[PDB]
$ cat model_3.csv   # CSV, C-alpha atoms
chain,number,residue,atom,x,y,z
A,1,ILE,CA,8.9,5.0,12.5
A,2,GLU,CA,9.7,2.5,15.2
A,3,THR,CA,8.5,-1.1,15.6
A,4,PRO,CA,5.4,-1.0,13.3
A,5,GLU,CA,4.5,-4.4,14.5
A,6,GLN,CA,4.3,-3.0,18.1
A,7,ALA,CA,2.1,-0.2,16.9
A,8,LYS,CA,-0.2,-2.6,15.1
A,9,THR,CA,-0.3,-4.8,18.3
A,10,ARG,CA,-1.2,-1.7,20.4
A,11,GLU,CA,-3.9,-0.7,17.9
A,12,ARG,CA,-5.4,-4.2,18.0
A,13,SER,CA,-5.3,-4.3,21.8
A,14,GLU,CA,-7.1,-0.9,21.9
A,15,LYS,CA,-9.7,-2.2,19.4
A,16,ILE,CA,-10.3,-5.3,21.5
A,17,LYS,CA,-10.7,-3.3,24.6
A,18,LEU,CA,-13.2,-1.0,22.9
A,19,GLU,CA,-15.1,-3.9,21.6
A,20,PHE,CA,-15.3,-5.6,25.0
A,21,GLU,CA,-16.4,-2.3,26.6
A,22,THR,CA,-19.1,-1.9,24.0
A,23,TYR,CA,-20.2,-5.5,24.6
A,24,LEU,CA,-20.4,-4.8,28.3
A,25,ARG,CA,-22.4,-1.6,27.7
A,26,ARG,CA,-24.9,-3.3,25.4
A,27,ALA,CA,-25.3,-6.2,27.8
A,28,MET,CA,-26.0,-3.7,30.7
A,29,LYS,CA,-28.5,-1.9,28.5
A,30,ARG,CA,-30.2,-5.1,27.6
A,31,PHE,CA,-30.4,-6.1,31.3
A,32,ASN,CA,-31.8,-2.7,32.3
A,33,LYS,CA,-34.4,-2.7,29.5
A,34,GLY,CA,-35.4,-6.2,30.5
A,35,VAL,CA,-35.8,-5.1,34.1
A,36,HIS,CA,-37.9,-2.1,33.1
B,1,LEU,CA,38.2,38.2,27.5
B,2,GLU,CA,36.4,34.8,27.5
B,3,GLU,CA,37.6,34.1,23.9
B,4,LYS,CA,41.1,35.1,24.8
B,5,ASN,CA,41.2,32.9,27.9
B,6,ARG,CA,40.1,29.7,26.1
B,7,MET,CA,43.0,30.1,23.7
B,8,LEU,CA,45.5,30.0,26.5
B,9,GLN,CA,43.9,27.0,28.1
B,10,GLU,CA,44.1,24.9,25.0
B,11,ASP,CA,47.9,25.4,24.7
B,12,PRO,CA,49.5,25.3,28.2
B,13,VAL,CA,52.9,26.1,26.6
B,14,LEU,CA,51.4,29.3,25.0
B,15,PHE,CA,49.8,30.1,28.4
B,16,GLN,CA,53.2,29.6,30.0
B,17,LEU,CA,54.6,31.7,27.2
B,18,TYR,CA,51.9,34.3,27.7
B,19,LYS,CA,52.6,34.4,31.5
B,20,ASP,CA,56.4,34.8,30.8
B,21,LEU,CA,55.8,37.6,28.3
B,22,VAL,CA,53.0,39.6,29.8
B,23,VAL,CA,52.9,38.9,33.5
B,24,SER,CA,56.7,39.5,33.7
B,25,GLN,CA,56.1,42.8,31.8
B,26,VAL,CA,58.3,41.7,28.9
B,27,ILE,CA,55.6,42.5,26.4
B,28,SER,CA,52.1,43.9,26.6
B,29,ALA,CA,49.0,41.7,26.0
B,30,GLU,CA,48.0,44.0,23.1
B,31,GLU,CA,51.3,43.5,21.3
B,32,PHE,CA,51.1,39.8,22.2
B,33,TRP,CA,47.7,39.3,20.5
B,34,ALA,CA,48.5,41.7,17.6
B,35,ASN,CA,51.1,39.3,16.2
B,36,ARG,CA,49.0,36.2,16.9
B,37,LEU,CA,46.2,37.4,14.8
B,38,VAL,CA,29.7,23.6,3.7
B,39,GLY,CA,28.0,22.2,0.6
B,40,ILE,CA,24.4,21.0,0.5
B,41,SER,CA,23.7,17.3,-0.3
B,42,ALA,CA,20.3,15.9,-1.4
B,43,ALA,CA,20.9,12.9,0.8
B,44,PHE,CA,20.0,14.8,4.0
B,45,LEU,CA,16.5,13.3,3.9
B,46,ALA,CA,16.9,9.8,2.4
B,47,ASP,CA,20.1,8.8,4.2
B,48,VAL,CA,18.9,10.4,7.5
B,49,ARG,CA,16.3,7.9,8.9
B,50,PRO,CA,14.7,7.4,12.3
B,51,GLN,CA,17.2,5.0,13.9
B,52,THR,CA,15.5,2.0,15.5
B,53,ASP,CA,17.4,0.5,18.4
B,54,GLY,CA,17.2,-3.0,19.9
B,55,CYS,CA,14.3,-2.3,22.2
B,56,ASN,CA,11.9,0.4,21.1
B,57,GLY,CA,14.6,3.1,20.9
B,58,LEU,CA,14.0,6.1,18.6
B,59,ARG,CA,17.6,7.2,18.3
B,60,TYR,CA,16.9,10.5,16.5
B,61,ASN,CA,20.5,11.9,16.7
B,62,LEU,CA,19.1,15.3,15.8
B,63,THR,CA,22.4,17.0,15.0
B,64,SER,CA,22.2,20.7,14.2
B,65,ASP,CA,23.9,20.1,10.9
B,66,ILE,CA,21.0,18.2,9.5
B,67,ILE,CA,18.5,20.7,11.0
B,68,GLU,CA,20.4,23.6,9.2
B,69,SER,CA,20.3,21.6,5.9
B,70,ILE,CA,16.6,21.1,6.3
B,71,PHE,CA,16.0,24.8,7.0
B,72,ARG,CA,18.1,25.8,4.0
B,73,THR,CA,16.2,23.3,1.7
B,74,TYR,CA,12.8,23.8,3.4
B,75,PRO,CA,12.2,27.3,4.7
B,76,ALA,CA,8.7,26.2,5.7
B,77,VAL,CA,10.2,23.9,8.3
B,78,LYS,CA,12.1,26.8,9.8
B,79,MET,CA,8.9,29.0,9.8
B,80,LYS,CA,7.0,26.2,11.6
B,81,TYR,CA,9.9,25.8,14.1
B,82,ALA,CA,9.9,29.6,14.8
B,83,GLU,CA,6.1,29.8,15.1
B,84,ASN,CA,5.7,26.7,17.2
B,85,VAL,CA,8.9,25.9,19.1
B,86,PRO,CA,9.0,26.1,22.1
B,87,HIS,CA,5.6,27.7,22.8
B,88,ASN,CA,3.0,25.9,20.7
B,89,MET,CA,4.9,22.6,20.8
B,90,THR,CA,8.3,21.1,21.8
B,91,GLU,CA,11.0,20.4,19.3
B,92,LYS,CA,10.7,16.6,19.7
B,93,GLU,CA,6.9,16.8,19.2
B,94,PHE,CA,7.4,18.8,16.0
B,95,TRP,CA,9.9,16.3,14.7
B,96,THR,CA,7.5,13.4,15.5
B,97,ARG,CA,4.7,15.3,13.7
B,98,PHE,CA,7.0,15.9,10.7
B,99,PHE,CA,7.8,12.1,10.6
B,100,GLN,CA,4.1,11.2,10.9
B,101,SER,CA,3.0,14.0,8.5
B,102,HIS,CA,2.5,13.5,4.7
B,103,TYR,CA,5.4,16.0,4.2
B,104,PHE,CA,8.0,13.2,5.0
B,105,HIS,CA,5.9,10.2,4.0
B,106,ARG,CA,5.1,11.3,0.4
B,107,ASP,CA,4.2,7.8,-0.5
B,108,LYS,CA,-2.7,7.0,-8.6
B,109,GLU,CA,-2.1,9.9,-11.0
B,110,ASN,CA,-2.6,12.5,-8.3
B,111,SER,CA,-0.1,10.8,-6.0
B,112,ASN,CA,2.5,10.5,-8.8
B,113,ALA,CA,2.0,14.2,-9.7
B,114,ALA,CA,2.4,15.2,-6.0
B,115,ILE,CA,5.6,13.1,-5.8
B,116,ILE,CA,7.0,14.7,-9.0
B,117,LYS,CA,6.1,18.2,-7.7
B,118,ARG,CA,7.8,17.5,-4.3
B,119,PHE,CA,10.9,16.2,-6.0
B,120,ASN,CA,11.1,19.2,-8.4
B,121,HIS,CA,10.5,21.6,-5.5
B,122,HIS,CA,13.3,19.9,-3.4
B,123,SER,CA,15.7,20.1,-6.4
B,124,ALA,CA,14.9,23.7,-7.1
B,125,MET,CA,15.4,24.6,-3.4
B,126,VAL,CA,18.7,22.8,-3.2
B,127,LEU,CA,19.9,24.6,-6.3
B,128,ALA,CA,18.8,28.0,-5.0
B,129,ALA,CA,20.4,27.4,-1.6
B,130,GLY,CA,23.7,26.2,-3.2
B,131,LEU,CA,24.5,29.7,-4.3
B,132,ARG,CA,23.5,31.3,-0.9
B,133,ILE,CA,58.2,32.8,-22.5
B,134,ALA,CA,61.1,31.4,-24.5
B,135,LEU,CA,64.4,31.6,-22.6
B,136,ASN,CA,67.8,32.0,-24.3
B,137,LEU,CA,70.7,32.3,-21.9
B,138,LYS,CA,73.8,34.2,-22.9
B,139,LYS,CA,76.7,32.6,-21.0
B,140,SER,CA,76.1,28.9,-20.6
B,141,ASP,CA,79.7,28.3,-19.3
B,142,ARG,CA,78.6,29.5,-15.9
B,143,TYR,CA,76.9,26.1,-15.6
B,144,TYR,CA,80.1,24.4,-16.6
B,145,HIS,CA,81.8,26.0,-13.6
B,146,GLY,CA,79.0,26.7,-11.2
B,147,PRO,CA,79.1,27.5,-7.5
B,148,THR,CA,82.5,25.8,-7.4
B,149,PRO,CA,85.1,28.5,-6.7
B,150,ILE,CA,88.3,29.0,-8.8
B,151,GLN,CA,90.3,25.9,-8.3
B,152,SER,CA,94.1,25.3,-8.4
B,153,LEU,CA,94.2,24.2,-12.1
B,154,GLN,CA,97.8,24.6,-13.1
B,155,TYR,CA,99.2,24.1,-16.6
B,156,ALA,CA,102.6,22.3,-16.8
B,157,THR,CA,105.8,23.3,-18.4
B,158,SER,CA,106.6,23.6,-22.2
B,159,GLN,CA,107.1,20.7,-24.6
B,160,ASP,CA,109.3,18.9,-22.1
B,161,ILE,CA,106.0,17.6,-20.6
B,162,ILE,CA,105.4,15.7,-23.8
B,163,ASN,CA,108.8,14.1,-23.4
B,164,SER,CA,107.7,13.1,-19.9
B,165,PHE,CA,104.6,11.8,-21.6
B,166,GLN,CA,106.9,9.9,-23.8
B,167,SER,CA,108.9,8.6,-20.8
B,168,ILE,CA,105.9,6.9,-19.2
B,169,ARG,CA,104.8,5.8,-22.6
B,170,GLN,CA,108.3,4.2,-22.9
B,171,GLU,CA,108.2,3.2,-19.2
B,172,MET,CA,105.0,1.1,-19.3
B,173,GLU,CA,105.4,0.0,-22.9
B,174,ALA,CA,107.3,-3.1,-21.6
B,175,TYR,CA,105.5,-3.9,-18.3
B,176,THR,CA,105.4,-7.0,-16.3
B,177,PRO,CA,103.2,-7.8,-13.3
B,178,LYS,CA,104.8,-7.8,-9.8
B,179,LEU,CA,103.7,-9.3,-6.5
B,180,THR,CA,106.4,-8.6,-3.9
B,181,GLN,CA,106.7,-5.0,-4.8
B,182,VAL,CA,103.0,-4.3,-4.2
B,183,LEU,CA,103.2,-4.4,-0.4
B,184,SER,CA,105.8,-4.8,2.4
B,185,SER,CA,105.7,-5.7,6.1
B,186,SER,CA,106.8,-2.2,7.2
B,187,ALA,CA,104.1,-0.6,4.9
B,188,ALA,CA,101.5,-3.0,6.2
B,189,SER,CA,102.4,-2.1,9.8
B,190,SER,CA,102.3,1.6,9.0
B,191,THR,CA,98.8,1.1,7.4
B,192,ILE,CA,97.6,-0.8,10.4
B,193,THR,CA,98.9,1.9,12.8
B,194,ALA,CA,97.1,4.6,10.7
B,195,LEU,CA,93.9,2.5,10.7
B,196,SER,CA,94.4,1.6,14.4
B,197,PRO,CA,92.1,3.3,16.8
B,198,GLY,CA,93.5,6.7,17.9
B,199,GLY,CA,95.5,7.0,14.7
B,200,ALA,CA,95.5,9.8,12.2
B,201,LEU,CA,92.9,8.2,10.1
B,202,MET,CA,90.7,7.3,13.1
B,203,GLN,CA,89.9,10.9,13.7
B,204,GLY,CA,88.9,11.8,17.3
B,205,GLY,CA,87.1,9.1,19.2
B,206,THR,CA,84.5,8.7,21.9
B,207,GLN,CA,82.6,11.7,23.1
B,208,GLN,CA,80.7,12.8,26.3
B,209,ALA,CA,77.1,12.2,27.2
B,210,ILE,CA,75.7,15.8,27.1
B,211,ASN,CA,72.2,14.4,27.7
B,212,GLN,CA,73.0,13.5,31.3
B,213,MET,CA,75.0,16.7,31.9
B,214,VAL,CA,71.9,18.9,31.4
B,215,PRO,CA,68.9,18.1,33.5
B,216,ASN,CA,65.7,17.4,31.6
B,217,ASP,CA,63.9,20.3,33.3
B,218,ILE,CA,66.7,22.6,32.3
B,219,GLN,CA,66.4,21.1,28.8
B,220,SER,CA,62.6,22.0,28.7
B,221,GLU,CA,63.3,25.5,30.0
B,222,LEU,CA,66.0,25.9,27.2
B,223,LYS,CA,63.5,24.7,24.6
B,224,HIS,CA,60.9,27.2,25.9
B,225,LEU,CA,63.4,30.0,25.8
B,226,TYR,CA,64.5,29.0,22.3
B,227,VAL,CA,60.9,29.0,21.1
B,228,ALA,CA,60.2,32.4,22.6
B,229,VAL,CA,63.4,34.0,21.2
B,230,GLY,CA,62.8,32.4,17.8
B,231,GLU,CA,59.3,33.9,17.6
B,232,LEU,CA,60.5,37.3,18.8
B,233,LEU,CA,63.3,37.3,16.2
B,234,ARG,CA,60.9,36.1,13.5
B,235,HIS,CA,58.7,39.1,14.3
B,236,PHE,CA,61.8,41.3,14.2
B,237,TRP,CA,63.0,40.1,10.9
B,238,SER,CA,59.5,40.2,9.4
B,239,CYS,CA,59.6,44.0,9.5
B,240,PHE,CA,63.0,44.0,7.8
B,241,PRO,CA,63.7,45.4,5.3
B,242,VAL,CA,62.3,48.6,6.9
B,243,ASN,CA,60.5,50.5,4.1
B,244,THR,CA,58.0,52.5,6.2
B,245,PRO,CA,58.4,54.6,9.3
B,246,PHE,CA,56.0,52.4,11.3
B,247,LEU,CA,58.5,49.5,10.9
B,248,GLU,CA,61.1,51.5,12.7
B,249,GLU,CA,58.9,51.9,15.8
B,250,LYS,CA,57.9,48.2,15.6
B,251,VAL,CA,61.5,47.1,15.4
B,252,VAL,CA,62.4,49.4,18.4
B,253,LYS,CA,59.5,47.9,20.4
B,254,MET,CA,60.7,44.4,19.4
B,255,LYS,CA,64.3,45.2,20.6
B,256,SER,CA,62.9,46.5,23.8
B,257,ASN,CA,60.9,43.3,24.3
B,258,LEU,CA,63.9,41.2,23.5
B,259,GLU,CA,66.0,43.1,26.1
B,260,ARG,CA,63.2,42.7,28.7
B,261,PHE,CA,62.9,38.9,28.0
B,262,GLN,CA,66.7,38.5,28.2
B,263,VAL,CA,66.8,40.3,31.6
B,264,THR,CA,63.8,38.7,33.1
B,265,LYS,CA,64.0,35.1,31.9
B,266,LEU,CA,67.4,34.4,30.3
B,267,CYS,CA,69.6,35.9,33.1
B,268,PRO,CA,68.0,33.9,36.0
B,269,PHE,CA,68.2,30.8,33.8
B,270,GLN,CA,71.9,31.6,33.2
B,271,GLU,CA,72.5,31.6,37.0
B,272,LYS,CA,70.4,28.4,37.0
B,273,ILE,CA,73.1,26.8,34.9
B,274,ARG,CA,75.9,28.8,36.7
B,275,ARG,CA,74.7,27.6,40.2
B,276,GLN,CA,74.8,24.1,38.8
B,277,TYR,CA,78.2,24.9,37.1
B,278,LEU,CA,77.2,23.1,33.9
B,279,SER,CA,80.1,23.3,31.3
B,280,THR,CA,77.7,23.1,28.4
B,281,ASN,CA,77.4,26.5,26.6
B,282,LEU,CA,73.7,26.3,25.9
B,283,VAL,CA,73.2,30.0,26.5
B,284,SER,CA,76.1,30.7,24.1
B,285,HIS,CA,73.9,30.1,21.1
B,286,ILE,CA,71.2,32.4,22.5
B,287,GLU,CA,73.8,35.1,23.2
B,288,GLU,CA,75.1,34.7,19.6
B,289,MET,CA,71.6,35.1,18.1
B,290,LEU,CA,70.7,38.1,20.3
B,291,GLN,CA,74.0,39.8,19.5
B,292,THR,CA,73.5,39.1,15.8
B,293,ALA,CA,70.1,40.7,16.0
B,294,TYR,CA,71.4,43.7,17.9
B,295,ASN,CA,74.3,44.2,15.5
B,296,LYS,CA,71.9,44.0,12.5
B,297,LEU,CA,69.6,46.6,14.1
B,298,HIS,CA,72.5,48.9,15.0
B,299,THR,CA,74.0,48.6,11.5
B,300,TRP,CA,70.6,49.4,9.9
B,301,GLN,CA,70.3,52.4,12.3
B,302,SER,CA,73.7,53.6,11.2
B,303,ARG,CA,72.7,53.2,7.5
B,304,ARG,CA,69.6,55.2,8.2
B,305,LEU,CA,71.6,57.9,9.8
B,306,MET,CA,74.1,58.0,7.0
B,307,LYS,CA,71.3,58.2,4.4
B,308,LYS,CA,70.1,61.4,6.0
B,309,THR,CA,73.6,63.0,5.9

$ encode --input "model_3.csv" --output "structure tokens"
Amino acid sequence: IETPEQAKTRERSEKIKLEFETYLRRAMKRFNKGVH
Amino acid sequence: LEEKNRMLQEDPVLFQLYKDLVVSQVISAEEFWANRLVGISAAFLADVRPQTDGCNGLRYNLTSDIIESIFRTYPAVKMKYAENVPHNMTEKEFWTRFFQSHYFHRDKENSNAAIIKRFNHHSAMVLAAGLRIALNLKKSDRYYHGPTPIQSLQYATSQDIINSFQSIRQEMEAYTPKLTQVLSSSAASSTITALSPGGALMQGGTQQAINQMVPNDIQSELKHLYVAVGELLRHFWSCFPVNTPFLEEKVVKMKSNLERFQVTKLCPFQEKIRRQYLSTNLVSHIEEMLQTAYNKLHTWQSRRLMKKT
């Protein structure tokens, strides 16, 4: 209803942040299981 | 009281008139106020759009007129507003939900059927809410001599006039043009004197500046008095002709109000002129009108008394 491009950019930024957080979580899990 | 006060504030002249009529006890407020006393369009959805400003501005401009039109067309929206605003959700949140809901963004056989049903329902709701002699005169000669009064039409003497008709007929039968006889120096001087300023033809002359003789504040006061007297006399003559007993009492009250106004406002204004010794007879017109009204009322009272004899 207002700046659909801005909404798409916000959604893409949220998706990128979620992907980076999942990558960090899986890297931490890999490190922990390797240590174990 | 609140409704009455706002009316006076909008028109300061009326408020001044109200003060001069009620506060000065000329008339009562009750009698003062006794005399003083949208289609539906289908474009309310398509034309009304969320306005996007230059920098992320949702200029809703949620005027009540559009909201009422939506409620008339869609009672479900009104029901949701009543059951949610302002407890379950705020008005702005409800509008945002409506914009984001499938109700507004209706946009494949199922989708086409849904769109058709929505359009038919909208049209039906709009329609439902839209309801919620030949003339043959006798004496035409009256038009030949109409409002013109009987003139001085005089018929001449007997047959001798025809002889006079002969005389001119014989007088101008042998006619020759003339030049000297047309005008003379003495006649020219007389014509100039008649046409000269201050002569008989030049009727009157210059006048006096009445505008500067009467102060502008006095002019405004005279205008206000004229308006008040004119309104009172219009109310007086509105009752006339008196065909019911109530009109008699109303006219008596009107005369009492006129007398009170004349005593309270006109007389001190008169001295206001008299103290300034203005030679203009501005009050004379007011006196003439008041005396005409009083004479008319007295004559009608005399007629009423005579009818009962």

$ residues_around --input "model_3.csv" --residues "region 227-242 of chain B" --least-positions-apart "6" --cutoff "9 Å" --atoms "only C-alpha atoms" --output "PyMOL selection string"
chain B and resi 17+21+35+248+250-251+254-255+257-258+261-262+286+289-290+293+300

$ interface_residues --input "model_3.csv" --of "chain B" --to "chain A" --cutoff "10 Å" --atoms "all atoms listed in the file" --output "list in words"
residues 49, 50, 51, 52, 53, 54, 55, 56, 57, 58, 59, 96, 99 and 100 of chain B

$ residues_around --input "model_3.csv" --residues "residue 128 (chain B)" --least-positions-apart "4" --cutoff "10 Å" --atoms "all atoms listed in the file" --output "MDAnalysis selection string"
chainID B and resid 72:73 122:124 132

$ closest_residue --input "model_3.csv" --among "B:140, B:80, B:208, B:176" --to "residue 97 (chain B)" --atoms "only C-alpha atoms"
B:80

$ closest_residue --input "model_3.csv" --among "B:10, B:91, B:141, B:288" --to "residue 62 (chain B)" --atoms "only C-alpha atoms"
B:91

$ atom_distance --input "model_3.csv" --atom1 "CA of residue 207 (chain B)" --atom2 "CA of residue 274 (chain B)"
22.9 Å

$ residues_around --input "model_3.csv" --residues "region 107-121 of chain B" --least-positions-apart "3" --cutoff "12 Å" --atoms "only C-alpha atoms" --output "tab-separated table (two decimals) with C-alpha atoms, keeping the file's coordinate frame"
chain	number	residue	atom	x	y	z
B	42	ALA	CA	20.30	15.90	-1.40
B	45	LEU	CA	16.50	13.30	3.90
B	73	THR	CA	16.20	23.30	1.70
B	74	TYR	CA	12.80	23.80	3.40
B	75	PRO	CA	12.20	27.30	4.70
B	100	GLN	CA	4.10	11.20	10.90
B	101	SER	CA	3.00	14.00	8.50
B	102	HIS	CA	2.50	13.50	4.70
B	103	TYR	CA	5.40	16.00	4.20
B	104	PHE	CA	8.00	13.20	5.00
B	124	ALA	CA	14.90	23.70	-7.10
B	125	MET	CA	15.40	24.60	-3.40
B	126	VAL	CA	18.70	22.80	-3.20
B	127	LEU	CA	19.90	24.60	-6.30
B	128	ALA	CA	18.80	28.00	-5.00

$ closest_residue --input "model_3.csv" --among "B:33, B:145, B:98, B:154" --to "residue 5 (chain B)" --atoms "only C-alpha atoms"
B:33

$ atom_distance --input "model_3.csv" --atom1 "CA of residue 36 (chain B)" --atom2 "CA of residue 297 (chain B)"
23.2 Å

$ atom_distance --input "model_3.csv" --atom1 "CA of residue 213 (chain B)" --atom2 "CA of residue 277 (chain B)"
10.2 Å

$ residues_around --input "model_3.csv" --residues "residue 276 (chain B)" --least-positions-apart "6" --cutoff "10 Å" --atoms "all atoms listed in the file" --output "ChimeraX atom specification"
/B:214-215,270

$ decode --input "model_3.csv" --residues "region 268-281 of chain B" --atoms "N, CA and C atoms" --output "compact mmCIF listing (two decimals), in the first residue's frame"
# COMPACT_ATOMS: atom_id res chain seq x y z
N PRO B 268 -31.87 58.40 21.92
CA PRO B 268 -30.48 58.78 22.20
C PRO B 268 -29.67 59.01 20.94
N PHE B 269 -29.96 58.28 19.87
CA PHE B 269 -29.32 58.56 18.58
C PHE B 269 -29.73 59.94 18.07
N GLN B 270 -31.00 60.30 18.24
CA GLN B 270 -31.47 61.62 17.80
C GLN B 270 -30.66 62.73 18.45
N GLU B 271 -30.53 62.69 19.78
CA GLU B 271 -29.68 63.65 20.47
C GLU B 271 -28.25 63.57 19.95
N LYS B 272 -27.79 62.36 19.61
CA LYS B 272 -26.46 62.21 19.02
C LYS B 272 -26.31 63.08 17.79
N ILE B 273 -27.35 63.14 16.95
CA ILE B 273 -27.36 64.10 15.86
C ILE B 273 -27.54 65.52 16.39
N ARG B 274 -28.49 65.70 17.32
CA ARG B 274 -28.83 67.04 17.79
C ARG B 274 -27.66 67.68 18.53
N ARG B 275 -26.92 66.90 19.31
CA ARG B 275 -25.72 67.42 19.95
C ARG B 275 -24.69 67.86 18.91
N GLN B 276 -24.61 67.14 17.79
CA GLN B 276 -23.75 67.56 16.69
C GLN B 276 -24.42 68.56 15.77
N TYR B 277 -25.73 68.79 15.93
CA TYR B 277 -26.48 69.78 15.15
C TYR B 277 -26.35 69.53 13.65
N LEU B 278 -26.42 68.26 13.26
CA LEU B 278 -26.42 67.93 11.84
C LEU B 278 -27.75 68.33 11.22
N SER B 279 -27.68 69.04 10.09
CA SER B 279 -28.88 69.51 9.41
C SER B 279 -29.56 68.43 8.58
N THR B 280 -28.90 67.30 8.34
CA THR B 280 -29.50 66.21 7.58
C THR B 280 -30.62 65.58 8.39
N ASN B 281 -31.78 65.41 7.75
CA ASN B 281 -32.94 64.82 8.41
C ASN B 281 -32.98 63.30 8.22
